[PDB]
Amino acid sequence: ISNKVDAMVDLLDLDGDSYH
Amino acid sequence: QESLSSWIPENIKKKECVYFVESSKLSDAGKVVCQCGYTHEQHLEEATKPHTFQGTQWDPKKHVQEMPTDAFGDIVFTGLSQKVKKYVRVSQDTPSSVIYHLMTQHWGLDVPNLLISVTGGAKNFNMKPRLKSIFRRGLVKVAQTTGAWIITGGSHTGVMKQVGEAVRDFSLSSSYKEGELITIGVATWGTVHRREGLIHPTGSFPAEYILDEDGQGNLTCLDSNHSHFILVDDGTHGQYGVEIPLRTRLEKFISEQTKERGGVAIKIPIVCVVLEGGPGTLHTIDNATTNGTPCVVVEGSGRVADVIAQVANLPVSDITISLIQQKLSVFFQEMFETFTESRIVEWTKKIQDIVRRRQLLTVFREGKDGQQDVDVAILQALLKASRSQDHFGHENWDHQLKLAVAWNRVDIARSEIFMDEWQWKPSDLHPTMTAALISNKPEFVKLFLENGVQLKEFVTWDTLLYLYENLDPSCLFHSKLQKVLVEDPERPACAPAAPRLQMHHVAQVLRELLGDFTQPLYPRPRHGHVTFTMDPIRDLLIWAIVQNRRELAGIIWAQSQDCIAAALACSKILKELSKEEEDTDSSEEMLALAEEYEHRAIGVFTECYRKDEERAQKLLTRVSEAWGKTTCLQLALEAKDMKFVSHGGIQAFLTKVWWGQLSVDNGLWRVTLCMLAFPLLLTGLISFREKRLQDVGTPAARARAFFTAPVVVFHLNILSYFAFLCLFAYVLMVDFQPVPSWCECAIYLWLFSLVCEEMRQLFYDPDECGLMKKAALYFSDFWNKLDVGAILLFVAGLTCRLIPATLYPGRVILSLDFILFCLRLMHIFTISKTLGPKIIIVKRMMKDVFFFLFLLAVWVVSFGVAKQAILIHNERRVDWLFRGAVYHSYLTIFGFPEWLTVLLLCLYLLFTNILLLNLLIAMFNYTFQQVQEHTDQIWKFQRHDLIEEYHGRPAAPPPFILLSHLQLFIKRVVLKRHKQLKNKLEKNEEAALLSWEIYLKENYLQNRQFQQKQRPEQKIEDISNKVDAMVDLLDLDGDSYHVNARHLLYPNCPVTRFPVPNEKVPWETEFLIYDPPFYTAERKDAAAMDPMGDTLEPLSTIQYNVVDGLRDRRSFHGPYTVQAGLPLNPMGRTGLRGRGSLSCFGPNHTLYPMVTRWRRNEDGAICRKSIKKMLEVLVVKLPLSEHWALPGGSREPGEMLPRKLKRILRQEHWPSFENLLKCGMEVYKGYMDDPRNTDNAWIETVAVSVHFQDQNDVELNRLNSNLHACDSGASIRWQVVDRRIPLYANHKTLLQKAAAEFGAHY
Amino acid sequence: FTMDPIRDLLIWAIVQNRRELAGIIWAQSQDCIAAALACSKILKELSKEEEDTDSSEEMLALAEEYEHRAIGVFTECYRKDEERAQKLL
Ligand SMILES: Nc1ncnc2c1ncn2[C@@H]1O[C@H](COP(=O)(O)OP(=O)(O)OC[C@H]2O[C@@H](O)[C@H](O)[C@@H]2O)[C@@H](O)[C@H]1O
Ligand SMILES: Nc1ncnc2c1ncn2[C@@H]1O[C@H](COP(=O)(O)OP(=O)(O)OC[C@H]2O[C@@H](O)[C@H](O)[C@@H]2O)[C@@H](O)[C@H]1O
Ligand SMILES: [Ca+2]
């Protein structure tokens, strides 16, 4: 359950000048 | 005390209406009232005289006068309490310095740390029970810790009654605790019921006031719980509200003008708070918030609270006067119809001017899921207000944090106070560390540690003394320390009776708690910057462990120096303390803590054993310098540290001592066989370790090293004792004579040798200890008791054998002696593996079998006397019948006549053969059930002292121990343990050993906390915190006017103006109720200013928007409209008709010059902000302005208008030169917002800015020399520029407008 | 009105083995240490004559809980001020 809810909180937390 | 009673009629005044101006509306049975009607037919306490003018509508400025006050003093309520209460009647206008000097000096109230001013509804107040709960715990809990000053209105009604009750019961329930939550009440002198008894012309040092809740018409009576009383008088009688400006004015002067401890100033923080109110409440909040005190309102509480809390986050322009009465009439639904439009516009104006200043207000929100405290609200209402009030203040940074300690808010203090912008040094956290420690707050000391406070630098000597001065008085150790310190006899001469607390006192109680063997820890002085002890963290550990503070001690153990001594000492102290506790809940926790510390000691030592064993053995035999010159092992012995001594490696150390110089594995039978033959040891018969003795065979050294081992001396003493018994038995059996034999005298010689060995067993003193205590620890031993009983019986028997007339007595006495010696040999079986555990149970069951056997004796005595009385003739023989019946009773106990014989034998069979056997069965079941299996650990703990006693003993069997006694007795005639059980190591060695130890501790701690992370309760807690963060994350998915003009309280002129909302400001919008008073100043009819303050006459003829000669009566912005021959404000409406204190109508033109320069560092380069730079302005402070402001003058003269600001300030002749140099740059011109604006006479300005770019010698040199500044002013000085710097807010607008011209910061 | 109302309601709610109702109305009681012991005495004197194998166990455990409540109040009042707390017995 803890691994499930940590995957859940990870998924919910998921939401130049060119010179010489 | 009489200085007060003289001082009050000198100092304070009180108001007096002097003339009868008879009121038109005659009062309710007070028809003779002259518009105040206090105590006469008139409003007079003197002759109601004509006074040369009977002025109709007698002016309160002109009629009412001041008089010296006599109504002061003390008070008591008749029977309702027993304590006394101070009270003072005070004038309407009084300097707050006077009242502060009174309350400090002549009342004896020290300076506070917090000022809560609570306000609410007085006569008509109703509350839900949930609101009632916060007053009982939230207000009292936050008042009682910080040492607050609850200031409120003094009344017996409503909310003030709730505060009065909720502070009273705390004082009763405190159970004679020190200190009382001081409470000061302020009410008006007019609306007091029975105040005629209070006026005593002399000093009323006693007084009596009886409250009566019957005669309350217009008036109201006092409350009986407030501890000081202040009665503002006004001269009026029934007025409500003459106490608000005095309370608000006094609160500020107390908060921000009295504490200046190391610096400029430091302000005592201050909070106003409301519950539910009406028209008195809004005026109080509005008058308070202009003075800088924050205000927290509570949601879900009452009428005014809800209508403020609904309009909290709204924009300021969004308030409609319709919306006000709409939200008003629903919450005021009892008296909603009692509202008129003028009351609606007044309340709309007040709510507008309050919710403008969003910094100084907070809502409690009534979160109602935890319903946490007032404290979480009050802290944020401090912090938001403190930043806005000042940015350079440092008192709030250190004064605030301390307060945040006392309510246990670590998330707030971490997030808000410890973000940035403090620039603290770490040692500056030292005093606020200390109060975090005494108040037992582990979280804040953990946060200070993670922020970088060093314990080793922190604990000074005097700091430790102060720590012990403030022990928790509930604990047992405080009572024991008090019982010592009161019984301290050597403190004769001092100013007081209770002398002091010195460190040798707590050292003396610690020595008696710890045991006799240690030395005193702290020395007594035989008589700086920072005196340090030998080891600081030891002392703090002792302090935190005597008071049963668990989680605090668990932190500061982790920084300890030498840990294995420390955990065992803290186990010993707790076990010695938990016996004398006598409270059924303290003893269990105080025991389990000691068990946890035993676990910590085992956990460190089992690491250090596994890393390197032979070094880890050196850790036990070390003598610790810290804990009073003892070792670790003896400390573990005295504490009955059962689980510690049964560890494997320490038992291996004990065995390695036991087998001595030779190896440990060669068994016992081979030991007996090499004991049998002398050169068998010289042969390859036995083992050895330390192979220089095993390989290189030096047989003299090998024989000496063989005899040095204590197993050898043990077996030799056993053999000699055995032969002693056998030859003693032979001389006792047949070889006994009245003349002494020779086999007898040899045996008496061997027993003399035994008694001299027991003598040196008693007299040996390795370290100095109590000699009587040495005898006590001797005689506490079981086998010592048996040995001394045997020797005293022996010398008594030898005395009896020296009597030839008692030979058969004396001989059999020496028999009984023999029996004692037999039990001595049972001592041998303690050393076995398998028998000692059984011997323990015998030593157990002796204790109750004794008290059983006494009962058996009384039973058999009763039986014997009964049988002797029933079955004999009447006889009194000496030893015939009594001894015959005693032998018959011994035959019975060791193993018509028909009915009586059957009755006697059946009584014997039912009694002595049955029930006491069942007592024995039950008692020994209860005994043997209890022993369980602990017995092996009891034996392993019992193993040590035998090895000790044989290690100390000399090597000879006791016929030859005299050879040992002679050399030791002659060495102690002329002028120290062995170095295998206690040795003082090299200092250089001990440093390396302790560093190795303190390395290994941190390796223990990680495994400890990591496996503590695997308990399931920890996992459930982590899952709950995860899902609460998850539900929080998922739950996550105005019109600019002249607002300083509309603001009330026209300065230096006690008048008012009309309430004007944000709607009816401009001249375009019609306001049908707009009726401002035609207000003029007293100096509006005066000198060279225009006399048109009373321009209803045709005297108003000067030029409008044109220069009427020297009066350039023309705006820089544009042409003002004229109505009824007077100009109107082009900006809108202000609420006051007339000229006011201004010179003339329209604009009154003035020039505001500002000087600017750069702020350099110590080098001379520009100091830098985050992006911009630092700027300096030169400002003035007048002696009666209490404010810094710009040196700007009225432009009534042409060029000397800066000299009209600064003739006295700048110079006289060089001032005209700098005025020639004053050709600078202009930033802003036109109409200016100001509180001195009516609808007619406003202020227009021109603003010039002159600058110093170079900060060396140039234009600035002329400003330096051309300065005669000290003319008629208090102070002028240069000043840093920032957005928080003190000034008029009107001038702050000028600086924030002109700071863009040079790019300074903000 | 009677001499003390909440006493009577406590008696009524405790003779009928209503647990969670009695636990509420104990909290408003007047003199609590007498009340918890009286309600323990009534339950122990009643649970003997019950003769139902399921009612007697709950009717006994309730009395044990009320003994716990009396101890819990008295150990507070002892710790605050001992010599006044002796006057309570
Ligand atoms: N100082 C007073 N003492 C007792 N009663 C009062 C007082 N002032 C007003 N009252 C009565 O209270 C009634 C209205 O009470 P509310 O509107 O609930 O309270 P409010 O008038 O807002 O008074 C706020 C009160 O709090 C105090 O800090 C302050 O002295 C102010 O008077 C009125 O009928 C009035 O007679
Ligand atoms: N824009 C403003 N912002 C704040 N306060 C103001 C402003 N304009 C005037 N005041 C206040 O109004 C009060 C009366 O105004 P003036 O006396 O006309 O102002 P000024 O002449 O600059 O000050 C005279 C000073 O001499 C002292 O006797 C007196 O204490 C006052 O500080 C003063 O105390 C001043 O502090
Ligand atoms: Ca002995």
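Residue numbering for chain B follows Swiss-Prot, covering 56-582, 613-980, 1020-1099, 1104-1165, 1235-1503 in order.
Recorded method for this deposit: electron microscopy, 3.7 Å.
Cβ atoms here come from the backbone N, Cα and C positions, even for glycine.
Under DSSP, B:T740 (phosphothreonine) is assigned to a helix (H, G or I) in the three-state scheme. The phosphothreonine annotation in Swiss-Prot covers B:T740.
Under the heading topological domain 'Cytoplasmic', Swiss-Prot lists B:770-795 (among others).
The transmembrane segment annotation in Swiss-Prot covers B:796-816 (among others).
Among the features that Swiss-Prot reports, transmembrane segment is placed at B:828-848 (among others), with the record citing experimental evidence. Only residues 6 or more beyond the boundaries of the transmembrane segment (B:828-848), in the same chain, are considered here, and those with a CB under 8 A from a CB of the stretch are 809, 812-813, 815-816, 820, 822, 859-860, 863, 869, 872-873, 876, 879, 883, 1073, 1077, 1082-1083, 1085-1086, 1089, 1092.
Take the CB of B:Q846 (Ca(2+) binding site) and look out to 10 A: across all protein chains shown you find 15 other CB atoms. Marked as Ca(2+) binding site by Swiss-Prot: B:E843, B:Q846, B:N869, B:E1073.
Per Swiss-Prot, topological domain 'Cytoplasmic' is recorded for B:849-867 (among others). Counting residue by residue with DSSP, the topological domain 'Cytoplasmic' (B:849-867) contains 10 helix, 0 strand, 9 coil.
Residues 823, 833, 836, 839-840, 843, 846, 894-896, 898-899, 901-902, 905-906, 908-909, 912 of the same chain, all 6+ positions outside the transmembrane segment (B:868-888), place their C-beta atoms under 8 angstroms from a C-beta of that stretch. The transmembrane segment annotation in Swiss-Prot covers B:868-888 (among others) and rests on experimental evidence.
Under the heading transmembrane segment, Swiss-Prot lists B:897-917 (among others), citing experimental evidence as support.
Listed by sequence, the residues of this chain that lie at least six past the ends of the topological domain 'Cytoplasmic' (B:918-929) yet keep a Cβ under 8 A from its Cβ atoms are 867, 911, 1051-1052, 1055, 1059-1060, 1062-1063, 1066. If you look up Swiss-Prot, you'll see B:918-929 (among others) marked as topological domain 'Cytoplasmic', on the strength of a curator's inference.
Annotated transmembrane segment per Swiss-Prot: B:930-950 (among others), in sequence order, evidence recorded as experimental evidence.
Summarising the annotation, Swiss-Prot assigns transmembrane segment to B:1023-1044 (among others).
Per Swiss-Prot, the feature topological domain 'Cytoplasmic' maps to B:1045-1079 (among others).
The ADP-D-ribose 2 binding site feature in Swiss-Prot is assigned to B:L1381, B:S1382, B:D1431, B:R1433, B:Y1485, B:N1487; the stated evidence is experimental evidence. Reduced to three states, the DSSP call for B:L1381 (ADP-D-ribose 2 binding site) is coil.
The annotation motif 'Nudix box' is assigned in Swiss-Prot to B:1390-1411. The helix, strand and coil residue counts that DSSP assigns across the motif 'Nudix box' (B:1390-1411) are 7 helix, 2 strand, 13 coil.
The Cα atom of B:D1431 (ADP-D-ribose 2 binding site) lies nearest to that of B:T740, taking the recorded positions B:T740, B:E843, B:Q846, B:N869 as the candidates. Sequence-distant neighbours of the transmembrane segment (B:897-917) (same chain, 6+ residues past either end, Cβ-Cβ under 8 Å): 799, 803, 806, 810, 813-814, 817, 868, 871-872, 874-875, 878-879, 881-883, 885-886, 924, 1066, 1070. With a cut-off of under 6 Å between the Cβ and any atom of ligand 2, the recorded positions B:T740, B:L1381, B:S1382, B:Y1485 reduce to B:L1381, B:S1382, B:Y1485.
Set side by side, the binding-site residues B:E843, B:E1073, B:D1431 differ in how many other CB atoms lie within 10 angstroms of their CB, and the most is found at B:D1431. Highlighted here are the recorded positions (B:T740, B:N869, B:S1382, B:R1433) whose C-beta falls below 6 Å from ligand 3: B:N869, in sequence order. Look at the Cβ of each of the recorded positions B:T740, B:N869, B:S1382, B:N1487 and count the other Cβ atoms within 10 Å; the largest number goes with B:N1487. Note on B:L1381 (ADP-D-ribose 2 binding site): other Cβ atoms within 10 Å of its Cβ, all shown chains, come to 6.
Note: the CA-CA distance between B:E1073 (Ca(2+) binding site) and B:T740 (phosphothreonine) rounds to 15 Å. Same-chain residues at least 6 positions away in sequence with a Cβ under 8 Å from that of B:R1433 (ADP-D-ribose 2 binding site) are, in sequence order, B:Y1247, B:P1248, B:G1337, B:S1338, B:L1339, B:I1440. Put simply, B:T740 (phosphothreonine) is 25 Å from B:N869 (Ca(2+) binding site) when counted between their Cα atoms. Cα separation, B:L1381 (ADP-D-ribose 2 binding site) to B:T740 (phosphothreonine), rounded: 90 Å. Sequence-distant contacts of the topological domain 'Cytoplasmic' (B:849-867) (same chain, at least 6 residues past either end, Cβ-Cβ under 8 Å): 571-572, 873, 928, 1076, 1104-1105.
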